[PDB]
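Chemist: Before we start, here is the structure in question, set down as structure tokens.
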Number of protein chains: 4
Amino acid sequence: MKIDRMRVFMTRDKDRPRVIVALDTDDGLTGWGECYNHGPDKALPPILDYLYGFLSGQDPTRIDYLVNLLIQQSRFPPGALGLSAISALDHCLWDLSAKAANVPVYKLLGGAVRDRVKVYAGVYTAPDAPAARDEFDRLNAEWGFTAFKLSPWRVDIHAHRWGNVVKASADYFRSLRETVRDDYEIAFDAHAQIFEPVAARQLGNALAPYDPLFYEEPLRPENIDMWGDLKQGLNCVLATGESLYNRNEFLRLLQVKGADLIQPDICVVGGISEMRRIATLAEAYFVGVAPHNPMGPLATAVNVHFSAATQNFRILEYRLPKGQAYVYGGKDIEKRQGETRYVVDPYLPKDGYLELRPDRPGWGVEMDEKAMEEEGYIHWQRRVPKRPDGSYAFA
Amino acid sequence: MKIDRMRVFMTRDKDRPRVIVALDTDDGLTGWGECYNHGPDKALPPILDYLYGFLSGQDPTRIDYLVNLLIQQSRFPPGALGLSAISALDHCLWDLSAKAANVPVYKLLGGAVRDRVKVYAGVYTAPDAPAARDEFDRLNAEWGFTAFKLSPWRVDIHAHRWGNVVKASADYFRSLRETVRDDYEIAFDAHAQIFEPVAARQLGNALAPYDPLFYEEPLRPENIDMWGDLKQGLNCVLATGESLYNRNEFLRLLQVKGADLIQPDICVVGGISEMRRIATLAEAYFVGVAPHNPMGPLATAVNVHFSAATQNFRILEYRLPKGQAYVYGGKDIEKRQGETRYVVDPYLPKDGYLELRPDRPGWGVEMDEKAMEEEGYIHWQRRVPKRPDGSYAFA
Amino acid sequence: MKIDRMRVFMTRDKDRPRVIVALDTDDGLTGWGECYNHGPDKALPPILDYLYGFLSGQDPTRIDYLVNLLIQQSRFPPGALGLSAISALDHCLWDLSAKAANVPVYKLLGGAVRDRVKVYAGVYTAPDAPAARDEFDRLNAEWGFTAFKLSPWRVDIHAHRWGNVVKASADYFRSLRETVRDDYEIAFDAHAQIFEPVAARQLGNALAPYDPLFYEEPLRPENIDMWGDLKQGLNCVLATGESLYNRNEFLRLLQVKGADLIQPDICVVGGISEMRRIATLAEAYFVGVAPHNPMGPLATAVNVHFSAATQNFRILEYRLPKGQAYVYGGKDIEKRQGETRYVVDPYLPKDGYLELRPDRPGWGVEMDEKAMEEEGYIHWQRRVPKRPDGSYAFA
Amino acid sequence: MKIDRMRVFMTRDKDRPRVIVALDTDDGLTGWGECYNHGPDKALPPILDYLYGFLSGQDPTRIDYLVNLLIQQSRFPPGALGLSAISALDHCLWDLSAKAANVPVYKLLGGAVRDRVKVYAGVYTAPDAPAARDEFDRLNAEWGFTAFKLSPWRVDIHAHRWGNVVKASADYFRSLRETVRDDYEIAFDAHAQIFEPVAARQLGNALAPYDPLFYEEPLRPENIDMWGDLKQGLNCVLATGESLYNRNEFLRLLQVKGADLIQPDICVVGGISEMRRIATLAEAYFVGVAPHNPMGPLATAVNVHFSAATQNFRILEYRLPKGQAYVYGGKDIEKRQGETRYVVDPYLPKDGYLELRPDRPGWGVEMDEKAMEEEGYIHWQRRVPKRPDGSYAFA
Ligand SMILES: [Cl-]
Ligand SMILES: [Cl-]
Ligand SMILES: [Cl-]
Ligand SMILES: [Cl-]
Ligand SMILES: [Cl-]
Ligand SMILES: [Cl-]
Ligand SMILES: [Cl-]
Ligand SMILES: [Cl-]
Ligand SMILES: [Cl-]
Ligand SMILES: [Cl-]
Ligand SMILES: [Cl-]
Ligand SMILES: [Cl-]
Ligand SMILES: [Cl-]
Ligand SMILES: [Cl-]
Ligand SMILES: [Cl-]
Ligand SMILES: [Cl-]
Ligand SMILES: [Cl-]
Ligand SMILES: [Cl-]
Ligand SMILES: [Cl-]
Ligand SMILES: [Cl-]
Ligand code: NA
Ligand code: NA
Ligand code: NA
Ligand code: NA
């Protein structure tokens, strides 16, 4: 069969816009993909239009052939917007190829190496311990979650003495351990807020006695080598990688021993074609994979198949389709709610895992095209905090 | 003063599209910038629209403050499209600030450290030596050029035995030295065609006895460390960097001794704000700067000011406004011509140098807005070569 | 315009001599600079006389051109006295160029990236905790200081058992935390007193639990590599660099991971031209800048502009114009007072920050030339301590 | 005995000024020293006045005690001017101590390890081979020289194509080997002219087949680590170090394998106290010492004693007291002559060696104080070349 149409939908995932892509073939199949929301998502349709010129008329079962062509046409490493678009197109190709062969996507990835896919709940705030307990218990009752990710920050990190900032985080984690179920796993996302390796090490070592599931992305991404310096003398599990794009950025991170767990995003790195390369590198270095996934239900489905097939996958970031809107930080349980509607039958956890749908070819979800037409673009931007001197710090 | 409007022009530079940006202020000044042409340039206006939200109402003389805000809003390192847009906005801010202070831009960069700016002619093909001689001599008579850049490739590198490919390049360079003026400098751009460090070393060492001005970008960009391996045992000057984006990618290249000369592009890396950081790093490592510049006359003007102020600048890539259309490779002098019209009074070489315009504030060129309205978008894409087995190689 | 006169003033800053330099132009402008006080400051005027030969008749807006000429004429790296003189001349050139363009100096440095400049109070002694509290509170009430720098040494380090020396410092810091405001930041300057990396590590790790803002310059400067050894296994923030001169000494410090925060002095390294290079290197290595500044009000003004423009600047060392004379160490609040008078309108802190003067071109201070004529040279020398065996240790 | 007076003489050594220092004692002895001529030599007397405060009344036989006190009072590493002054004072102390003990200085340095001291003639220009032959033969007949140092540069290195610059140097060395005596040794001083390690390597390897005695100081001094990169793949003996100041700068050079032969200057590094430390480090690294010495006859005498006592000393740079004035480069035999008169009985070579004077205590030369009063200061400065674009390069 041959690719013969692309359809691009500008929709939304609660308060963030979301570009969803379909590739159709001349034998009546359609594959679907989800772009990461970097910000200026109105840039994605013209990128997709350009990339489609290289896919028109091609055999979609030549997945890596076509994805690599997209990379090479670009020539410059694409980074954010270009790779987001390539990621969705990669997804479409895997989906088409799986549907052509009448199999779930994981059968094109070496088969399922696990029966279900562990998730943690993206909570992202720093609620007082009793409120945290109540929210964790609610999520546990409904979906079986026993792992959760919070912000460690209990004060403005630029407006208080650093020792007091760190003590507030340590005291907070202690209070959580005194309050919530003893089996619950709690990760902390420091959200690339910290400039100095030594400061990131101090915070990690203050959290370490309370067993963080992982300590995520404390530093900025551009200097990879400094991550190896951070990790020397660090007593907790260090995770990073959402802000890294390709096999080579991850290779350097691994070479310098800059992480214990890596967190590529399948909507950021160029889809499964690149995600699998990255995970294979990590596997040889004895590093696990916890995919980054604050994206929507189609992205979640793509992650299910990748995760099911990857030996060194450990746990998947997860946001409920109906539930909390996007947030980072704050001493509450986020009040803003929303419902993401572009997937009819999203993967929902049962007993803390997403479950395979082995009798459905492709991703195993149905798209709601009417819902996508109903809800269009919404502007979204990050908050870049300021220091008291008026300078900008880091989002 | 405050930024109060952005105007975005979709125009062209011969056969490549070109997005030109103006930022206007409430005291009637305008600054101008040029985006790199990565490919899908219809993506640039929506990126610019989004970024402008962070510039509206701001003091344009806070250049690094605002450019860094654009970087931090993005959070993920932007790479190609995002940084191209940021680059043009950076240019606009320097131009506005210089016009506000009634000085040439170089006076905002520590002042001029040279009186004029050496250029080499971007020829880019591999013409037989007599034709090369004639073209070099024509360019020398008219503009004073004594330095030129060619392709080294005299055959399809994937369809002949490698030893014969390299011998053809060495024989070619020998024939040029037997034919053209003895003082002419000749650089070779291998155009990121070669996969293996050892192969790149073999070619460089075959060219070395004939004194290439530099041997440019032989390998792909993603693995930075392999460049240090290439350069060990390399007998000629190695240049690279057009495909690298920021201070940290260049820092690693420098740390591994991966180049003797670096070639960032001021329309790719985020403009002068980043270019200066990159050049400062190189300077401390005793590495020169030969800016990448296959872009148009506004980009050339930006480069004039950066180059004039930077001690370790050596030579600037240059394409005539009226002349050869874009090309890489081929055993001729490119027949396709064009005229780039969006600058009224472009910098033209005299005796092989671009000359400062010290009595003109800002970049020192006038934009032709009517010309920009007259010539709009044109589709352009790279050629990704195939091997005889049907696989895709590298553009 | 052209430089057409130099005027050199031998004056003083309380108990230390101070050479202040003016460069005048033929269009009636004057730029001002401040030399570091290394010791034999009567050597500075003849150095300045010699250097002026290279500046006479030149365009002062070619700042880096001229400063680099001074460096290259010297050929040998200048170190202390030569670079002190070059530093003041660099200051004069930035000041002239800013006045010529009618802007504050920070507009020549990429613009302001913050609205005001955080300072810490240079206290420098080791007063008992109640006296420290009272002094900190006085400084806080008057100027808004919330950050202070002390000596850690509570006994003669060469006349007591080392474990007892370190315990005395740790007990002291504990007593300060039990006594002073919980938000106050306290740095310790070990003043290059310690010979052995292991000893410096032991002291730093004894201070670390009480959150030193930074631990400054514990070792001697000549062996840069040993700083990387010190910092391995060090649990507090390490700062150094006042005794390092140029981009390359700082590059090595950064390469070996020898500091978390660097402290170049703008009167020592060759002024802003070199300071900016050094800060750019540190920025790429994710290292902050806390400029060294025990110098006077003109030096402070130069620092204001540099600090305002530099993203990775964090905090500025500050001594009041009217207040404590120079001191290091001792278990009191220094009794010796003085008043530095060569600046009419010095930058004074408000709420713990120095404030920009955006409507004043140049540094934004007026020099008191009559005051400079009134108070001339005073002899000053360091105290080099002895060990009980009669040997000399380190100042 | 106690030091009780210092006398400072501002005199000259042909066309360069020279500060000569005497320290007198209360038992009627005098020791003598020579400062390097960095440039602004009127700065030296006030430095000396300040340093003398630490020597007055002291026992001059405590040489390292006092020299280290001078270093520690300075605290900051002194670099050029400060160390030049310290160097002369160090010389004075060795001379006094040797005279007090009635021995030649070498008996205070572990004794003579050789009977005489090999010298090479500092010629410094690049004369055509027949003229070189004639000059070498004249110097050989008169003084027994069989080793000579030239400039390699036969054209302006910034105004010709680099391959042609290097070829001119190689052709030149070939012509010398075809013309001069087969046993003559010829060194080349590239005079810190070359920016790029790769370029320095290319030139060295072009000279290598003709056996340069050494290839001196091709690169700039500030980045020490790049010297290790240069030397990797270099086929000739590499010498450097005149521009390095202390045991630690030399330690790093040695650690990176940045030289085969080191060239500290005994008037630059702080005299014998530091020179011996530097030479001991080099000895353990299996690196020889060829002291830098374009200075005058007193400096030469100091070098005789150091060289006589140092096992890894190889050869000493030498300029005749009556003969060629200071020069670097040029395609002639320097026409400018002069006579240096401040030493009555300077060391002159016999059969290519300086000869010990074992029956004379101290340095073994008499100072001509009347000559020093007769000829005073003369202004001298370096030539910093320009490139054709108007930028400054390197002296
Ligand atoms: Cl992109
Ligand atoms: Cl459960
Ligand atoms: Cl807060
Ligand atoms: Cl489900
Ligand atoms: Cl992007
Ligand atoms: Cl010509
Ligand atoms: Cl072919
Ligand atoms: Cl073939
Ligand atoms: Cl030539
Ligand atoms: Cl022109
Ligand atoms: Cl100096
Ligand atoms: Cl307060
Ligand atoms: Cl004591
Ligand atoms: Cl004790
Ligand atoms: Cl606080
Ligand atoms: Cl004030
Ligand atoms: Cl000095
Ligand atoms: Cl002989
Ligand atoms: Cl010439
Ligand atoms: Cl003699
Ligand atoms: Na995250
Ligand atoms: Na290129
Ligand atoms: Na200090
Ligand atoms: Na020399």
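Chemist: In nm, what does the list of distances from C:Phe195 to its counterparts in the other copies look like, shortest first, when each label sits 7 Å along Cα to Cβ?
Modeler: Those separations, rounded to one decimal, come out as 3.7, 4.4, 6.0 nm.
Chemist: Where does chain C land at 222 nm, in deg cm²/dmol rounded to the nearest 500, when only DSSP H runs of n ≥ 4 count, each adding -39500 (n - 2.57), divided by all residues?
Modeler: Here the helix-only value at 222 nm equals -10500 deg cm²/dmol.
Chemist: Tell me which residues come under 5 Å, amide H to amide H, from D:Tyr120 once H is placed; ignore anything under 5 positions away on its chain.
Modeler: D:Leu316, D:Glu317, D:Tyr318
Chemist: Pull out a ≥ b ≥ c, the square roots of the eigenvalues of the alpha-carbon gyration tensor of the range B:120-276, then state rounded if a/c is under 1.5, prolate if not and a/b is larger than b/c, and oblate in the remaining case.
Modeler: It comes out oblate by the Cα gyration axes.
Chemist: Can you work out D for the protein assembly as shown in µm² s⁻¹ from Stokes-Einstein, where Rh is the Kirkwood radius over C-alpha pairs, the temperature is 20 °C and the viscosity is 1.002 mPa s?
Modeler: 61 µm²/s
Chemist: Which residue, chosen from D:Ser273, D:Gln232, D:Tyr215, occupies the Cα position most advanced towards the positive end of the dipole of the range D:103-378, where the dipole is computed from +1 (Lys, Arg) and -1 (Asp, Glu) charges on Cβ about the Cα centre?
Modeler: Positive-end residue among those listed: D:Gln232.
Chemist: Now for a different question. Return the distance in nm (one decimal) between the two label points of a simple spin-label model at D:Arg387 and B:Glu366, each offset 7 Å from Cα along Cα→Cβ.
Modeler: 3.3 nm
Chemist: What does the charge dipole of the range C:103-378 about its Cα centre add up to, to the nearest 20 debye, if the Cβ of each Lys and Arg holds +1 and the Cβ of each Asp and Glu holds -1?
Modeler: My answer is approximately 520 debye.
Chemist: Let me confirm one metric for peptide B:280-290, namely the mean number of other chain beta-carbon atoms within 10 Å of its residues' beta-carbons.
Modeler: 6
Chemist: Now, a different point. Please compare each pair in A:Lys14/A:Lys167; B:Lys2/C:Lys2; C:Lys14/C:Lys42; D:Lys149/D:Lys370; A:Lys42/B:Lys386; A:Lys231/C:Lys167 to a cut-off of 25 Å on the Cα-Cα distance and tell me which ones are over it.
Modeler: Too far apart for the 25 Å limit: A:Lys14/A:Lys167; B:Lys2/C:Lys2; D:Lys149/D:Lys370; A:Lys42/B:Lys386; A:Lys231/C:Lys167.
Chemist: Report the charge-dipole magnitude of the protein assembly as shown in Debye, nearest 20, computed about the Cα centre from +1 at each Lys and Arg Cβ and -1 at each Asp and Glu Cβ.
Modeler: Computed about the Cα centre, the dipole is about 1080 debye.
Chemist: Could you tell me how many degrees, from 0 to 90 and to the nearest 10, lie between the Cα long axis of helix A:197-207 and the main elongation axis, the longest principal axis, of the Cα atoms of chain A?
Modeler: Long axis of A:197-207 versus the principal axis of chain A: about 80 degrees.
Chemist: Using θ = phi - 60° and the Karplus curve 6.51 cos²θ - 1.76 cosθ + 1.60, what whole-Hz ³J(HN,Hα) does each residue of the range C:24-30 get, with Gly and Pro shown as x?
Modeler: Using θ = phi - 60°, the values come out as 9, 10, 6, 10, x, 9, 9 Hz.
Chemist: Still on this structure, I have one more. Tally the DSSP beta bridges in the protein assembly as shown and give the antiparallel ones as a percent, rounded to 5. If you can, show how the numbers build up before the last one.
Modeler: Working: 96 of 172 bridges.
Roughly 55 percent of the DSSP beta bridges within the protein assembly as shown come out antiparallel.
Chemist: Please list the radius of gyration and Dmax for chain C, considering alpha-carbon atoms only, with Å as the unit.
Modeler: Reported Rg and Dmax, both Å: 20.5, 64.
Chemist: Which of C:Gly28, C:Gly57, C:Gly329 moves most in a GNM of chain C, Cα contacts under 10 Å?
Modeler: In the Gaussian network model the winner is C:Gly28.
Chemist: Count, for each residue of B:244-250, the Cβ atoms from other chains sitting within 10 Å of its Cβ, then give me the mean as a whole number.
Modeler: Taking all residues of B:244-250 together, the mean is 5.
Chemist: Within the range B:280-354, which trypsin sites (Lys or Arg not before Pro) sit in a loop by DSSP and count at most 11 neighbouring Cβ atoms inside 10 Å?
Modeler: Numbers: sites: B:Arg314, B:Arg319, B:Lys322, B:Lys331, B:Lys335, B:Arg336, B:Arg341, B:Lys350; in loops: B:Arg314, B:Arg319, B:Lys331, B:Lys335, B:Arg336, B:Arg341.
Answer by residue number: B:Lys335, B:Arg336.
Chemist: How far apart, in nm, are the 7 Å Cα→Cβ label points at A:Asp137 and A:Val113?
Modeler: Label at A:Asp137, label at A:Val113, 3.8 nm between them.
Chemist: What does the structure give for D:163-176 when I average, per residue, the other chain Cβ atoms found within 10 Å of the residue Cβ?
Modeler: Details: counts 10, 3, 1, 1, 1, 0, 0, 0, 0, 0, 0, 0, 0, 0.
Whole-number average of other-chain Cβ neighbours for D:163-176 is 1.
Chemist: Explain nothing, just the number: relative contact order of chain C, from Cα pairs under 8 Å at least 6 residues apart, as a whole percent.
Modeler: So the answer I get is 22 percent.
Chemist: About its Cα centre, how strong a charge dipole does the range B:153-212 have in debye, to the nearest 20, once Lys and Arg get +1 and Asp and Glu get -1 at the Cβ?
Modeler: Approximately 260 debye in magnitude.
Chemist: Select from D:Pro46, D:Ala192, D:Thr61 the residue farthest towards the positive end of the dipole of chain D; place +1 on Cβ of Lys and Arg, -1 on Cβ of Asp and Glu, and compute about the Cα centre.
Modeler: So the residue we want is D:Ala192.
Chemist: Got the D:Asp156 label distances to the other copies yet, label 7 Å along Cα→Cβ, in nm, shortest first?
Modeler: 4.9, 6.0, 6.5
Chemist: Could you pull out the chymotrypsin sites (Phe, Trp or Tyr not before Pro) across the range B:347-381 that fall in loop regions by DSSP (anything but H, G, I, E, B) with no more than 13 other Cβ atoms inside 10 Å?
Modeler: Of the chymotrypsin sites (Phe, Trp or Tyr not before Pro), the ones in loops of the range B:347-381 whose Cβ has at most 13 other Cβ atoms within 10 Å are B:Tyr377.
Chemist: Okay, next question. Going toward the positive end of the dipole of the protein assembly as shown, with +1 on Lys and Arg Cβ and -1 on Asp and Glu Cβ, which of B:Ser169, D:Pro17, D:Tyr326 do you reach last?
Modeler: Comparing the listed Cα positions along the dipole, B:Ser169 ranks first.
Chemist: Follow-up question, since we're still on this one. What residue among D:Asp156, D:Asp182, D:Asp24 has the largest mean-square fluctuation in a Gaussian network model of chain D, using Cα springs under 10 Å?
Modeler: In the Gaussian network model the winner is D:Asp182.
Chemist: Name the nearest-to-axis residue of chain D, judged by Cβ distance to the rotation axis taking chain D onto chain A, and quote that distance in whole Å.
Modeler: Nearest to the symmetry axis by Cβ: D:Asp225, 8.
Chemist: Using a Gaussian network model of chain D with C-alpha springs under 10 Å, which one of D:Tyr36, D:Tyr65, D:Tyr120 is most mobile by mean-square fluctuation?
Modeler: Top of the fluctuation ranking is D:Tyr65.
Chemist: As a test, work out the antiparallel percent of DSSP beta bridges whose residues both lie in chain C, rounded to the nearest 5. Don't skip to the end; give the middle numbers.
Modeler: On the way: 24 of 43 bridges.
Restricted to chain C, the bridges split so that about 55 percent are antiparallel.
Chemist: Below 8 Å between Cα atoms, with a sequence gap of 6+, how large is the relative contact order for the range B:1-135 in percent? Intermediate values should be presented prior to the final figure.
Modeler: Details: 175 pairs, mean separation 32.1, N = 135.
Taking the mean separation of contacting Cα pairs over the length of the range B:1-135, I get 24 percent.
Chemist: State, to one decimal in nm and shortest first, how far the label point of D:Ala129 sits from each corresponding label point in the other identical copies (label point: 7 angstrom along Cα-to-Cβ).
Modeler: With the label placed 7 Å along Cα→Cβ, D:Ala129 yields 2.7, 8.4, 8.9 nm.
Chemist: Still on this structure, I have one more. For a quick protection proxy, order the peptides D:75-84, C:225-234 by their average other-Cβ count within 10 Å, most packed first.
Modeler: Working: D:75-84: 25.9, C:225-234: 18.7.
Most protected by this proxy first, the peptides run D:75-84, C:225-234.
Chemist: Out of every Cα pair in the range B:217-372, what percent are spaced more than 29 Å from each other?
Modeler: Details: 2920 of 12090 pairs.
More than 29 Å apart: 24 percent of the Cα pairs in the range B:217-372.
Chemist: Now for a different question. Looking at the square roots a ≥ b ≥ c of the eigenvalues of the Cα gyration tensor of the range C:268-355, which shape do they give, rounded for a/c under 1.5, prolate if a/b is larger than b/c, or oblate? Can you show the working numbers first?
Modeler: Values: a/c = 2.12, a/b = 1.69, b/c = 1.26.
Taking the square roots of the gyration eigenvalues as a ≥ b ≥ c, the range C:268-355 is prolate.
Chemist: Working from Cα positions, state the angle (0 to 90°, nearest 10) between the long axis of helix A:272-284 and the longest principal axis of chain A.
Modeler: 50 degrees
Using ideal geometry, Cβ is built from the backbone for each residue, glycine included, and neighbour counts are taken over all protein chains shown. Coordinate-derived values only; no laboratory data.
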